[PDB]
Amino acid sequence: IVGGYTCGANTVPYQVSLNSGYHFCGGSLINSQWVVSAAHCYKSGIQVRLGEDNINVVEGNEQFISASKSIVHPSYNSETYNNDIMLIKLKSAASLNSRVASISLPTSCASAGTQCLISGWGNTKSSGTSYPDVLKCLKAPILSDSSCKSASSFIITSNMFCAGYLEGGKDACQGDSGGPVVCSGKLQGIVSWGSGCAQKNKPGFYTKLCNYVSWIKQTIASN
Ligand SMILES: CC(=N)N1CCC(Oc2cc(C(=O)O)c3cc(C(C)C)n(Cc4ccc5ccc(C(=N)N)cc5c4)c3c2)CC1
Ligand SMILES: [Ca+2]
């Protein structure tokens, strides 16, 4: 997260860190047994870490649970990033309380102009590299699909939205991948891609989660 702020310990209780010997991606807890992240976060050997603030210190509210199964969306396209979404099942159910909590799925999509909360342990610099230990947060508005298409020279589908600041300076970044965009208490997005971070006319792009609720619900119901 570039140009954001320290969230505060456990203030984003659905935020997870995916760990393979080190933090590599974020995710969102959607019930006691399932996390949603980005398909581009797929790898084997995933441990889900819940209840994290400082990812380098055991502070006492963590739950570390191995993944039993990962399911990348059947139509994920790694060249265009279309359908950048993956479900991860936990080997055991997480214990839910104030510091570890699921985030509601949307019943309708979010509108352009709404300020949403984006969070992660990604790079905090637009030019350099600096990775934080504690969770960072950013409020950013959803931009119109037309604005997003005007800015970018890459493929943008109806399964993506963009959010952020066309002037630059505030954005998600590498290491925030897979993490949440929450708007009015609903998980509306997954950190998916961007041309650099916080650069002028290169906003963040996000998987448009509202398009996937049926797939999420049926996949969970049958697995
Ligand atoms: C859509 C498409 N097919 N394409 C072609 C390939 C391009 O891939 C690039 C281009 C560039 C570039 O410099 O232009 C960079 C720079 C970086 C690092 C060093 C920061 N990465 C890795 C990265 C990883 C995750 C991110 C997650 C989120 C956001 C964000 N801004 N919200 C940025 C992210 C950036 C990049 C990935 C993207 C456009
Ligand atoms: Ca910790």
# chains A, B, ... in the order shown; residues from 1 in each chain; ligands from 1
$ residues_near_ligand --ligand "ligand 2" --cutoff "8 Å" --atoms "only C-alpha atoms and all ligand atoms" --output "PyMOL selection string"
chain A and resi 51-62
$ residues_near_ligand --ligand "ligand 1" --cutoff "10 Å" --atoms "only C-alpha atoms and all ligand atoms" --output "compact mmCIF listing (two decimals) with N, CA, C and O atoms, in the first residue's frame"
# COMPACT_ATOMS: atom_id res chain seq x y z
N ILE A 1 0.89 -1.20 0.00
CA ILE A 1 0.00 0.00 0.00
C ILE A 1 0.91 1.23 0.00
O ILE A 1 1.69 1.44 0.92
N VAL A 2 0.79 2.04 -1.05
CA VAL A 2 1.55 3.28 -1.16
C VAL A 2 0.65 4.45 -0.76
O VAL A 2 -0.48 4.55 -1.23
N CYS A 25 1.20 -12.92 -0.21
CA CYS A 25 -0.08 -12.44 -0.77
C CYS A 25 -1.05 -12.20 0.35
O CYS A 25 -0.90 -12.76 1.45
N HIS A 40 -3.62 -15.22 -9.27
CA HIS A 40 -2.20 -15.03 -9.52
C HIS A 40 -1.35 -15.25 -8.26
O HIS A 40 -0.12 -15.30 -8.34
N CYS A 41 -2.04 -15.44 -7.13
CA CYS A 41 -1.40 -15.82 -5.85
C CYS A 41 -1.24 -17.33 -5.71
O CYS A 41 -0.66 -17.81 -4.73
N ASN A 77 -7.35 -16.41 -16.65
CA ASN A 77 -6.45 -16.23 -17.78
C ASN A 77 -5.22 -15.47 -17.28
O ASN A 77 -5.32 -14.28 -16.97
N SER A 78 -4.08 -16.16 -17.18
CA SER A 78 -2.88 -15.56 -16.61
C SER A 78 -2.22 -14.52 -17.53
O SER A 78 -1.30 -13.83 -17.09
N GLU A 79 -2.65 -14.44 -18.79
CA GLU A 79 -2.10 -13.42 -19.72
C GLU A 79 -2.86 -12.10 -19.61
O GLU A 79 -2.26 -11.03 -19.68
N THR A 80 -4.18 -12.17 -19.40
CA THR A 80 -5.02 -10.95 -19.34
C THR A 80 -5.47 -10.59 -17.94
O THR A 80 -5.96 -9.46 -17.69
N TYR A 81 -5.36 -11.58 -17.06
CA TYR A 81 -5.72 -11.45 -15.67
C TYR A 81 -7.24 -11.53 -15.47
O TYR A 81 -7.73 -11.32 -14.37
N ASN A 82 -7.98 -11.86 -16.54
CA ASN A 82 -9.42 -12.05 -16.45
C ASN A 82 -9.73 -13.21 -15.49
O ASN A 82 -9.07 -14.24 -15.59
N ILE A 118 -8.88 -0.61 1.23
CA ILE A 118 -7.94 -1.58 0.63
C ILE A 118 -6.80 -1.77 1.64
O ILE A 118 -6.32 -0.79 2.22
N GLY A 122 1.88 -5.12 1.36
CA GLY A 122 2.68 -4.85 0.17
C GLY A 122 3.63 -3.65 0.26
O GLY A 122 3.64 -2.91 1.26
N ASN A 123 4.40 -3.46 -0.81
CA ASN A 123 5.37 -2.37 -0.95
C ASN A 123 4.69 -1.03 -0.70
O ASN A 123 3.56 -0.78 -1.17
N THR A 124 5.37 -0.17 0.06
CA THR A 124 4.84 1.16 0.41
C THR A 124 5.48 2.29 -0.41
O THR A 124 5.19 3.47 -0.19
N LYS A 125 6.35 1.94 -1.35
CA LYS A 125 6.99 2.94 -2.21
C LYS A 125 6.62 2.80 -3.68
O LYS A 125 6.43 1.68 -4.17
N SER A 126 6.53 3.93 -4.38
CA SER A 126 6.18 3.96 -5.80
C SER A 126 7.40 3.77 -6.70
O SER A 126 7.32 3.19 -7.79
N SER A 127 8.55 4.26 -6.24
CA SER A 127 9.79 4.07 -6.97
C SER A 127 10.67 3.05 -6.26
O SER A 127 11.08 2.04 -6.85
N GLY A 128 10.95 3.25 -4.98
CA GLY A 128 11.82 2.30 -4.29
C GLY A 128 11.15 0.98 -3.93
O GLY A 128 10.16 0.53 -4.55
N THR A 129 11.72 0.34 -2.90
CA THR A 129 11.10 -0.84 -2.32
C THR A 129 11.20 -0.73 -0.80
O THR A 129 12.29 -0.54 -0.27
N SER A 152 -5.49 3.10 -19.35
CA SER A 152 -4.62 1.94 -19.54
C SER A 152 -4.44 1.46 -20.98
O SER A 152 -5.37 1.56 -21.79
N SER A 153 -3.26 0.92 -21.28
CA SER A 153 -3.02 0.26 -22.57
C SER A 153 -3.10 -1.26 -22.47
O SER A 153 -2.71 -1.98 -23.41
N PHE A 154 -3.64 -1.78 -21.36
CA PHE A 154 -3.84 -3.22 -21.20
C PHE A 154 -5.30 -3.61 -21.18
O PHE A 154 -6.18 -2.75 -21.01
N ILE A 155 -5.56 -4.90 -21.36
CA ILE A 155 -6.92 -5.43 -21.41
C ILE A 155 -7.68 -5.22 -20.10
O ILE A 155 -7.16 -5.50 -19.00
N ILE A 156 -8.91 -4.74 -20.23
CA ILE A 156 -9.78 -4.51 -19.08
C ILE A 156 -11.10 -5.15 -19.39
O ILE A 156 -11.76 -4.78 -20.38
N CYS A 162 -11.38 -0.55 -11.64
CA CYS A 162 -10.20 0.13 -11.12
C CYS A 162 -10.61 1.14 -10.06
O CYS A 162 -11.76 1.58 -10.01
N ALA A 163 -9.67 1.42 -9.16
CA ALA A 163 -9.93 2.33 -8.05
C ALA A 163 -8.64 3.03 -7.71
O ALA A 163 -7.54 2.49 -7.93
N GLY A 164 -8.75 4.23 -7.15
CA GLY A 164 -7.54 4.95 -6.83
C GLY A 164 -7.53 6.40 -7.28
O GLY A 164 -8.59 7.05 -7.33
N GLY A 168 -1.76 9.88 -9.11
CA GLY A 168 -0.68 9.09 -8.51
C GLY A 168 -0.61 9.26 -7.00
O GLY A 168 -1.38 10.02 -6.39
N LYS A 170 -1.15 7.28 -4.34
CA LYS A 170 -1.91 6.40 -3.43
C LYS A 170 -2.46 5.20 -4.20
O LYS A 170 -3.24 5.38 -5.17
N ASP A 171 -2.12 3.98 -3.75
CA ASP A 171 -2.46 2.78 -4.55
C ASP A 171 -2.12 1.57 -3.72
O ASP A 171 -1.36 1.67 -2.74
N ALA A 172 -2.63 0.41 -4.15
CA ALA A 172 -2.12 -0.87 -3.67
C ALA A 172 -0.83 -1.18 -4.46
O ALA A 172 -0.45 -0.43 -5.38
N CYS A 173 -0.14 -2.27 -4.11
CA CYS A 173 1.12 -2.58 -4.77
C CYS A 173 1.47 -4.05 -4.67
O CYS A 173 0.70 -4.84 -4.10
N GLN A 174 2.62 -4.43 -5.23
CA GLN A 174 3.11 -5.81 -5.14
C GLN A 174 3.14 -6.21 -3.67
O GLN A 174 3.54 -5.40 -2.82
N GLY A 175 2.70 -7.43 -3.37
CA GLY A 175 2.59 -7.93 -1.98
C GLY A 175 1.21 -7.69 -1.40
O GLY A 175 0.81 -8.36 -0.44
N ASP A 176 0.46 -6.74 -1.98
CA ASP A 176 -0.96 -6.58 -1.57
C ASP A 176 -1.89 -7.52 -2.34
O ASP A 176 -3.04 -7.74 -1.94
N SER A 177 -1.38 -8.05 -3.45
CA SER A 177 -2.08 -9.06 -4.29
C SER A 177 -2.94 -10.03 -3.51
O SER A 177 -2.48 -10.58 -2.51
N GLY A 178 -4.18 -10.23 -3.95
CA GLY A 178 -5.07 -11.21 -3.31
C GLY A 178 -5.91 -10.62 -2.19
O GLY A 178 -6.88 -11.22 -1.75
N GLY A 179 -5.48 -9.45 -1.71
CA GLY A 179 -6.12 -8.81 -0.56
C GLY A 179 -7.44 -8.14 -0.87
O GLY A 179 -7.84 -8.02 -2.03
N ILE A 190 -10.70 -7.75 -5.15
CA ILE A 190 -9.45 -8.46 -4.85
C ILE A 190 -8.32 -7.72 -5.56
O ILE A 190 -8.40 -7.42 -6.76
N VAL A 191 -7.23 -7.45 -4.83
CA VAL A 191 -6.10 -6.73 -5.43
C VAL A 191 -5.56 -7.62 -6.55
O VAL A 191 -5.11 -8.74 -6.29
N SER A 192 -5.61 -7.12 -7.79
CA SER A 192 -5.26 -7.95 -8.96
C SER A 192 -4.01 -7.47 -9.73
O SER A 192 -3.01 -8.20 -9.83
N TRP A 193 -4.05 -6.25 -10.25
CA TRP A 193 -2.92 -5.77 -11.02
C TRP A 193 -2.78 -4.28 -11.08
O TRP A 193 -3.67 -3.54 -10.66
N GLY A 194 -1.65 -3.85 -11.62
CA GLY A 194 -1.44 -2.43 -11.91
C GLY A 194 -0.11 -2.21 -12.62
O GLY A 194 0.83 -3.00 -12.47
N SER A 195 -0.02 -1.14 -13.40
CA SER A 195 1.23 -0.80 -14.07
C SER A 195 2.11 0.00 -13.12
O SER A 195 1.95 1.22 -12.99
N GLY A 196 3.04 -0.67 -12.45
CA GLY A 196 3.74 -0.07 -11.32
C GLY A 196 2.76 0.17 -10.17
O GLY A 196 1.72 -0.48 -10.10
N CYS A 197 3.10 1.11 -9.29
CA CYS A 197 2.19 1.47 -8.20
C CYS A 197 2.19 2.96 -8.00
O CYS A 197 3.26 3.57 -7.97
N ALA A 198 1.00 3.52 -7.81
CA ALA A 198 0.83 4.92 -7.47
C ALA A 198 1.42 5.85 -8.53
O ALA A 198 1.77 7.00 -8.24
N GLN A 199 1.52 5.37 -9.77
CA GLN A 199 1.98 6.22 -10.88
C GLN A 199 0.82 6.99 -11.49
O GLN A 199 -0.33 6.54 -11.46
N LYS A 202 -2.16 5.44 -13.94
CA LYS A 202 -2.01 4.01 -13.86
C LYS A 202 -2.65 3.54 -12.53
O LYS A 202 -1.93 3.17 -11.60
N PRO A 203 -4.00 3.57 -12.45
CA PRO A 203 -4.67 3.19 -11.21
C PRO A 203 -4.59 1.68 -10.94
O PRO A 203 -4.20 0.89 -11.81
N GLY A 204 -4.94 1.30 -9.71
CA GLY A 204 -5.03 -0.11 -9.34
C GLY A 204 -6.23 -0.79 -9.98
O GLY A 204 -7.31 -0.20 -10.09
N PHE A 205 -6.03 -2.04 -10.40
CA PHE A 205 -7.11 -2.90 -10.91
C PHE A 205 -7.41 -4.07 -10.01
O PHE A 205 -6.49 -4.63 -9.40
N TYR A 206 -8.70 -4.42 -9.93
CA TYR A 206 -9.25 -5.26 -8.88
C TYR A 206 -10.22 -6.24 -9.50
O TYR A 206 -11.00 -5.87 -10.39
$ closest_residue --among "A:209, A:94, A:109, A:137" --to "residue 12 of chain A" --atoms "only C-alpha atoms"
A:137
$ select_by_dssp --residues "segment 26-143 of chain A" --states "strand (DSSP E or B)" --output "NGL selection string"
:A and (26-31 or 34-37 or 47-50 or 63-72 or 86-90 or 104 or 115-120 or 136-142)
$ atom_distance --atom1 "atom CA of residue 30 of chain A" --atom2 "atom CA of residue 7 of chain A"
19.9 Å
$ residues_around --residues "residue 11 of chain A" --least-positions-apart "2" --cutoff "9 Å" --atoms "only C-alpha atoms" --output "PyMOL selection string"
chain A and resi 7-9+13-14+53+98-99
$ write_last_selection --atoms "C-alpha atoms" --output "compact mmCIF listing (two decimals), in the first residue's frame"
# COMPACT_ATOMS: atom_id res chain seq x y z
CA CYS A 7 -4.60 0.30 10.04
CA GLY A 8 -4.18 -0.50 13.72
CA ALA A 9 -3.88 -4.05 15.09
CA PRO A 13 -10.22 -8.80 11.06
CA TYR A 14 -11.02 -10.56 7.73
CA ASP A 53 -0.86 -7.33 12.55
CA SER A 98 -13.44 -9.70 17.33
CA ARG A 99 -9.92 -10.04 15.90
$ closest_residue --among "A:20, A:31, A:107, A:147" --to "residue 93 of chain A" --atoms "only C-alpha atoms"
A:31
$ residues_around --residues "residue 70 of chain A" --least-positions-apart "5" --cutoff "8 Å" --atoms "only C-alpha atoms" --output "MDAnalysis selection string"
chainID A and resid 42 86:89
$ write_last_selection --atoms "N, CA, C and O atoms" --output "mmCIF file, in the first residue's frame"
data_model
loop_
_atom_site.group_PDB
_atom_site.id
_atom_site.type_symbol
_atom_site.label_atom_id
_atom_site.label_comp_id
_atom_site.auth_asym_id
_atom_site.auth_seq_id
_atom_site.Cartn_x
_atom_site.Cartn_y
_atom_site.Cartn_z
ATOM 1 N N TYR A 42 -1.760 -18.088 -6.672
ATOM 2 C CA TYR A 42 -1.689 -19.556 -6.554
ATOM 3 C C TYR A 42 -0.239 -20.055 -6.381
ATOM 4 O O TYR A 42 0.651 -19.641 -7.102
ATOM 5 N N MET A 86 -9.355 -16.939 -6.600
ATOM 6 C CA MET A 86 -9.079 -18.295 -6.152
ATOM 7 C C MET A 86 -9.655 -18.479 -4.755
ATOM 8 O O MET A 86 -9.634 -17.563 -3.913
ATOM 9 N N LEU A 87 -10.175 -19.673 -4.499
ATOM 10 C CA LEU A 87 -10.668 -20.031 -3.169
ATOM 11 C C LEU A 87 -9.700 -20.980 -2.491
ATOM 12 O O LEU A 87 -9.110 -21.877 -3.123
ATOM 13 N N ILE A 88 -9.504 -20.773 -1.198
ATOM 14 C CA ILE A 88 -8.619 -21.627 -0.424
ATOM 15 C C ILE A 88 -9.401 -22.184 0.760
ATOM 16 O O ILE A 88 -9.983 -21.405 1.546
ATOM 17 N N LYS A 89 -9.446 -23.511 0.876
ATOM 18 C CA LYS A 89 -10.087 -24.148 2.020
ATOM 19 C C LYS A 89 -9.051 -24.428 3.105
ATOM 20 O O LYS A 89 -7.929 -24.900 2.797
#
$ select_by_dssp --residues "segment 23-188 of chain A" --states "alpha helix (DSSP H)" --output "PyMOL selection string"
chain A and resi 145-151
$ write_last_selection --atoms "N, CA and C atoms" --output "tab-separated table (two decimals), in the first residue's frame"
chain	number	residue	atom	x	y	z
A	145	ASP	N	-15.75	2.78	-15.30
A	145	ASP	CA	-15.11	1.87	-16.25
A	145	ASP	C	-14.50	2.67	-17.40
A	146	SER	N	-15.20	3.71	-17.86
A	146	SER	CA	-14.66	4.54	-18.96
A	146	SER	C	-13.32	5.22	-18.60
A	147	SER	N	-13.24	5.77	-17.39
A	147	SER	CA	-12.01	6.38	-16.88
A	147	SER	C	-10.90	5.36	-16.82
A	148	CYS	N	-11.22	4.18	-16.32
A	148	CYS	CA	-10.21	3.15	-16.21
A	148	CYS	C	-9.68	2.76	-17.59
A	149	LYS	N	-10.58	2.69	-18.58
A	149	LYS	CA	-10.16	2.27	-19.94
A	149	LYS	C	-9.39	3.36	-20.65
A	150	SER	N	-9.71	4.61	-20.32
A	150	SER	CA	-9.02	5.74	-20.94
A	150	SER	C	-7.54	5.76	-20.53
A	151	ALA	N	-7.27	5.32	-19.30
A	151	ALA	CA	-5.94	5.42	-18.72
A	151	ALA	C	-5.00	4.34	-19.24
$ closest_residue --among "A:16, A:71, A:216, A:210" --to "residue 110 of chain A" --atoms "only C-alpha atoms"
A:210
$ residues_around --residues "residue 73 of chain A" --least-positions-apart "3" --cutoff "9 Å" --atoms "only C-alpha atoms" --output "number ranges by chain"
A: 39, 76, 83-87, 215
$ write_last_selection --atoms "N, CA and C atoms" --output "PDB file, in the first residue's frame"
ATOM      1  N   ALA A  39      -6.155 -15.472  -8.091  1.00  0.00           N
ATOM      2  CA  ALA A  39      -5.583 -16.618  -8.823  1.00  0.00           C
ATOM      3  C   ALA A  39      -4.093 -16.466  -9.082  1.00  0.00           C
ATOM      4  N   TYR A  76      -9.692 -18.600 -15.177  1.00  0.00           N
ATOM      5  CA  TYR A  76      -8.585 -17.662 -14.967  1.00  0.00           C
ATOM      6  C   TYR A  76      -7.648 -17.625 -16.168  1.00  0.00           C
ATOM      7  N   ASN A  83     -10.689 -13.022 -14.592  1.00  0.00           N
ATOM      8  CA  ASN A  83     -11.121 -13.989 -13.596  1.00  0.00           C
ATOM      9  C   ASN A  83     -10.050 -14.282 -12.547  1.00  0.00           C
ATOM     10  N   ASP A  84      -9.398 -13.224 -12.067  1.00  0.00           N
ATOM     11  CA  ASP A  84      -8.275 -13.359 -11.106  1.00  0.00           C
ATOM     12  C   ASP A  84      -8.791 -13.596  -9.694  1.00  0.00           C
ATOM     13  N   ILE A  85      -9.231 -14.828  -9.450  1.00  0.00           N
ATOM     14  CA  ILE A  85      -9.850 -15.164  -8.175  1.00  0.00           C
ATOM     15  C   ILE A  85      -9.599 -16.638  -7.882  1.00  0.00           C
ATOM     16  N   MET A  86      -9.355 -16.939  -6.600  1.00  0.00           N
ATOM     17  CA  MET A  86      -9.079 -18.295  -6.152  1.00  0.00           C
ATOM     18  C   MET A  86      -9.655 -18.479  -4.755  1.00  0.00           C
ATOM     19  N   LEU A  87     -10.175 -19.673  -4.499  1.00  0.00           N
ATOM     20  CA  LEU A  87     -10.668 -20.031  -3.169  1.00  0.00           C
ATOM     21  C   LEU A  87      -9.700 -20.980  -2.491  1.00  0.00           C
ATOM     22  N   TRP A 215     -20.551 -18.498  -8.117  1.00  0.00           N
ATOM     23  CA  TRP A 215     -19.445 -19.465  -8.206  1.00  0.00           C
ATOM     24  C   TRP A 215     -18.855 -19.725  -6.817  1.00  0.00           C
TER      25      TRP A 215
END
$ closest_residue --among "A:33, A:44, A:119, A:66" --to "residue 102 of chain A" --atoms "only C-alpha atoms"
A:33
$ closest_residue --among "A:15, A:92, A:214, A:63" --to "residue 117 of chain A" --atoms "only C-alpha atoms"
A:15
$ atom_distance --atom1 "atom CA of residue 159 of chain A" --atom2 "atom CA of residue 188 of chain A"
11.3 Å
$ residues_around --residues "residue 160 of chain A" --least-positions-apart "2" --cutoff "6 Å" --atoms "only C-alpha atoms" --output "VMD selection string"
chain A and resid 157 to 158 206 to 208
$ atom_distance --atom1 "atom CA of residue 201 of chain A" --atom2 "atom CA of residue 144 of chain A"
13.5 Å
